[PDB]
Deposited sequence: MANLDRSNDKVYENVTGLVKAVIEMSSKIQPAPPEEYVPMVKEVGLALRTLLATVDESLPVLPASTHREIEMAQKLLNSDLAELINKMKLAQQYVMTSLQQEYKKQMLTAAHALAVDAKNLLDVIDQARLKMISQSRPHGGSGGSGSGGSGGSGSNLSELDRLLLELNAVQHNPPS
């Protein structure tokens, strides 16, 4: 081991990667074939599951002060998992019939809150990191993700003409 700047970057990294997929899939969600749906869920499922561990190590990596939301985020994360995979699992069966675009719209909505949530996790605790530094005993961009999230919203409302 060397420094304690390994886990701090790990979580801040995963929180971004997962977002990249959330939007990507939302783009080709329509044309999303039945062969890409199987693995698709596996991708999102990994993000949420990973987030649980990422935050776990974030506790110590950050100064005790923002554990409130972090704690509630743990149990909450689990629920979001079963909830997400649940609805998504339905679309996989309600796609061969005809009502695909329907479940697709709502589907994106769910993943939308998840993507932003996973990111907000580190964003929130971030305020604590500076709280200690800018006071005493000191120790993939924000805007980039913001703009990306915006498009995701519009993509859900409806396709490009």
Seminar exercise, completed: Check: deposited residues absent from the model (no CA) fall at 140 to 154
